[PDB]
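**Student:** Give me a 3D structure for the following:
(chains A, B and C, ligands or ions: 3)
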Amino acid sequence: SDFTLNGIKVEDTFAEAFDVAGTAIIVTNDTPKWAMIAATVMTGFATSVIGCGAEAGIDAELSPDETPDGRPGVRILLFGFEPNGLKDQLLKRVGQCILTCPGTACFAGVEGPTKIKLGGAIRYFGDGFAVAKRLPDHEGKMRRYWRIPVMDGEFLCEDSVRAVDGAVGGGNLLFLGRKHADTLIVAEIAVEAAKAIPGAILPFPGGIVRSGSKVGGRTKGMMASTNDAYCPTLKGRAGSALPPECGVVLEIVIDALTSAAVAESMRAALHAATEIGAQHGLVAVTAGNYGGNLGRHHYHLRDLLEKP
Amino acid sequence: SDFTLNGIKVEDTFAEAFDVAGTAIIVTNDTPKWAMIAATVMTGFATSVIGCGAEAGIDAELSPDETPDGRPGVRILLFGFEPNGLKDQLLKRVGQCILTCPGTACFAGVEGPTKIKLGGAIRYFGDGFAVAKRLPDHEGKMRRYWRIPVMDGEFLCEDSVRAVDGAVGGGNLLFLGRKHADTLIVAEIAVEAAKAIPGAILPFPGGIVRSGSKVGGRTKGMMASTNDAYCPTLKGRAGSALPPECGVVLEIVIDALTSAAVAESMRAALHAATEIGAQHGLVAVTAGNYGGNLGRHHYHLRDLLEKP
Amino acid sequence: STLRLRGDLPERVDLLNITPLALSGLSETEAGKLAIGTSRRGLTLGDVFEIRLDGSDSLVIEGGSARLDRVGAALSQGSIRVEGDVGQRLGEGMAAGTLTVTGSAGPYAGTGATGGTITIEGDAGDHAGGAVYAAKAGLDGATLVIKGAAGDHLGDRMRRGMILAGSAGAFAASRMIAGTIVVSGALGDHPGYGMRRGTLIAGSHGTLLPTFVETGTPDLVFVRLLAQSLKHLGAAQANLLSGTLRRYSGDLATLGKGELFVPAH
Ligand SMILES: [Cl-]
Ligand SMILES: [K+]
Ligand SMILES: [K+]
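**Tutor:** Numbering: from 1, shown residues only, chains lettered A, B, ... in the order given. Ligands and ions are numbered 1, 2, ... in the order given. Structure as follows:
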């Protein structure tokens, strides 16, 4: 039953992930500095879909070659429960975090089956002065963009953005370690490994979560409560799932446009953490599950053994 | 008789600012890096109160001396329409951007007459394991803090945060310039001047706005529309408020806990911009007003002539 | 499938529904009897051309006259190549495909064309890309390429699509509903009279309308997109977008949502 990876104990559990609506947008600016500013203000306040509006993250920085604009850009993902709630959140965030940022321009990030109106709705801030243009892109496909007049110039925004089907969120694996300062470093180099997978992001601050989201609760209609089992202050008593050597636990949550990306992002995090884990006191690695019946996708750590 | 400062024309208008509910919190972490990560994710998606929940910004970074914790911190402000809406937004943001961030601790930032429950409401995530402690601070005042048990350890959060009365938001002055690339630099060194004033922040991305929020709309019932007068694409026709040399307009919006800070924050930006303005082709500087009857506070540029 | 023009046309000829899709179904003997003449005496396809047919979506007319009206009209399939000059209404209402003309074209070339590409290696006639009498719109989504020089009223009442002209005559982009016209060289007097929406870009320009105002020299993202679109199609006018341009807002007589770009200096 016990599993050992790179000399560090790994529990024989699975990560319970859920099906989610996901979409991607490419935001470009004249400089990469302001491309990042625009994305950073858009991704903020988006660590969970249940409390925050959505789950947002920056997938990758784009060079002037990887972009339809020809200007340095940013590929930024957004996830939500329902395709309507996702549309509602994208409209709010693009409208007041992208449109407001100077010199920006919004394009559709990923290809998908369902359509989401973006430029066609922000066009109404133009007060009837906005115009629409249709142009074939570098691949040969006819795309429609809106031109909203603003103080700095024109905010060009593609009419529609596509939402990919089968985007998976909630894939997580948590680390148990002796000391906060050192074990944070283990998780830090763990998120750096996971970020690299295309189409996958980590919404929480720096990718790391310190509050253990537990389903249910002790009193009345608790929807979420802290995970008393993995709390170091509640050690020694029955119901604490961590050994006496452990003193700090940190969780890593991954969302991705494709299910395979969730598994590959977890695998890379699982390996990178254990390789350096012994040096910084990493005791063990487990995954968060809810019982098996809540979430469709199960990411067993036993399948993540193969090196990347 | 329109004022000219440092060789740059300055329009003889006033900035129409409004009274707003404001509060401040101090978030501390073990390293200045993660205090900033905590602050950055909480401030995101808060550029206006009408569309985003609130208007947030980072006032200043605190050293281990300037903090009640003794750990490096960040002083971060939040503004809202109603003290009830302000309370709702602080709870959401601290609950999911501070609590979730590892190694953090939330303290009351500013002193004020009205009280806002902050720690006393997040304590319910503790699922009955959270405890309260009363301790006198370095000034001699008894303060009450909550200790919520979490995976990394304990999330310490002060029970109540104070909300200052008479916080003013919406103080703004806009720049007219020849070229986007150069005039952005004028606005960039303008926000750096404005940020320095204690108790004042600039909510929009990097402090700058490119979409001129104009009250009303051309057709039907519109709450906000683009400012066609200061749009360079709508030049030459009647109703364009900018000269032919101008080609780019950028707005700077300032919120502050005290009315005087808005004026002093405006003053520093007005002077910093014009000192370097001639170098980058800055044509003129004016301020956005709504008519005089919407906003209580009027910040005339005629009173901001005195050097800082 | 090749149609070898026997000789000079005695009357105007209507080549509608003489598309490779329609020709494939017909027999070589049966296709010859199809009348294309305007007059009562009429003319059959056999009287005009030497018909060689094969089950293909490609059609080549060897030899052309300025009396070949509606050539390629309503084309939904395949391609038609005219080695010669053509008459009015090149590809009227063309749905999709490609239509290439070696010589010059008559007036109203490209009317109501929805999709596909009409290429005139010669010069275009008056109202090229323009709407016909009582027409709701001129060009309606199809790409129109004139390597030579277009006449007066290029893109007249144009609704959609793109026009790539070498040179253009007077009153270009008049009554324009929407679209994109990039003429690489000279542009006649009074362009865009009554323009509602659209983008007009030219190298040279004549006298402008009083209802056109200059916006300045703005670096716009749309210009970058239009440039990459022209680069990808191999357009000679793609170099015109490389430098900084001077902008003018659409005719203020109507809703002034159109625009005009001309090189700075
Ligand atoms: Cl005819
Ligand atoms: K990445
Ligand atoms: K500051």
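**Student:** Look at the residue of the stretch 151-300 of chain A found nearest ligand 2 and say how many residues are nearby.
**Tutor:** Nearest residue of the stretch 151-300 of chain A to ligand 2: residue A:195, at 3.9 Å (Cβ to the ion). Bear in mind the C-beta positions are built from the backbone N, C-alpha and C, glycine included. Residues near residue A:195, counting by other Cβ atoms under 10 Å in any protein chain shown, number 19.
**Student:** Verify the stated contact: it with residue A:206.
**Tutor:** No - Residue A:195 is beyond contact range of residue A:206, at 10.4 Å (criterion: Cβ atoms under 8 Å).
**Student:** Which neighbours do the two have in common?
**Tutor:** Residues touching both residue A:195 and residue A:206 (Cβ atoms under 8 Å, 6 or more residues apart in numbering or on different chains): none.
**Student:** what's the burial count for the residue of chain A found nearest chain C?
**Tutor:** Chain C sits closest to residue A:156 of chain A, with a gap of 4.2 Å, by Cβ to the nearest Cβ. Neighbourhood size, residue A:156 [other Cβ under 10 Å]: 23.
**Student:** following the helix or strand encompassing it, which helix or strand shows up next?
**Tutor:** Following DSSP states H and E, one finds residue A:156 within strand A:154-158. Using DSSP H and E, the next helix or strand after strand A:154-158 towards the C-terminus is strand A:160-177.
**Student:** Is there contact, residue-wise, from that following strand to chain C?
**Tutor:** No - Strand A:160-177 lies apart from chain C when judged by Cβ under 8 Å from any Cβ of the partner chain; the minimum separation is 15.7 Å.
**Student:** In terms of secondary structure, what does whichever helix or strand comes after that strand contact?
**Tutor:** Sequence-wise, the next helix or strand downstream of strand A:160-177 (DSSP H and E) is helix A:180-195. Packing contacts for helix A:180-195, counted by 3 or more Cβ pairs under 8 Å, 6 or more residues apart in numbering or on different chains; DSSP states H and E, involve strand A:160-177, strand A:208-209, strand A:248-256, helix A:259-277.
**Student:** redo that, cut-off 7 Å
**Tutor:** For helix A:180-195, the elements it packs on are strand A:160-177, strand A:248-256, helix A:259-277, judged by 3 or more Cβ pairs under 7 Å, 6 or more residues apart in numbering or on different chains; DSSP states H and E.
**Student:** what angle do that helix and strand A:160-177 make?
**Tutor:** 150 degrees (axes from the mean of the first three to the mean of the last three Cα atoms, to 10 degrees).
**Student:** what angle sits between helix A:180-195 and strand A:248-256?
**Tutor:** Angle, helix A:180-195 to strand A:248-256, by the same axes, to 10 degrees: 10 degrees.
**Student:** for the following helix or strand past helix A:180-195, the distance to its chain's centre please.
**Tutor:** As assigned by DSSP H and E, the chain's next helix or strand after helix A:180-195 is strand A:200-201. Computed by Cα atoms, centre = their mean, to the nearest Å, the chain-centroid distance of strand A:200-201 equals 4 Å.
**Student:** Bridge partners for residue A:160, pull those for me.
**Tutor:** Going by DSSP bridges, residue A:160 is paired in beta bridges with residue A:117.
**Student:** on that earlier part again, show me what the strand holding residue A:156 is packed up against.
**Tutor:** strand A:105-108, helix A:119-122, strand A:142-149, helix C:221-233.
**Student:** JSON lines for these, including mean neighbour count and distance to residue C:5?
**Tutor:** What follows is these, written out as JSON lines (neighbours: other Cβ atoms under 10 Å in any protein chain shown; distance: least, Cβ to Cβ, whole Å):
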{"stretch": "strand A:105-108", "mean neighbour count": "26", "distance to residue C:5": "49"}
{"stretch": "helix A:119-122", "mean neighbour count": "20", "distance to residue C:5": "49"}
{"stretch": "strand A:142-149", "mean neighbour count": "20", "distance to residue C:5": "36"}
{"stretch": "helix C:221-233", "mean neighbour count": "20", "distance to residue C:5": "30"}
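**Student:** Kind regards, and thank you for your time.
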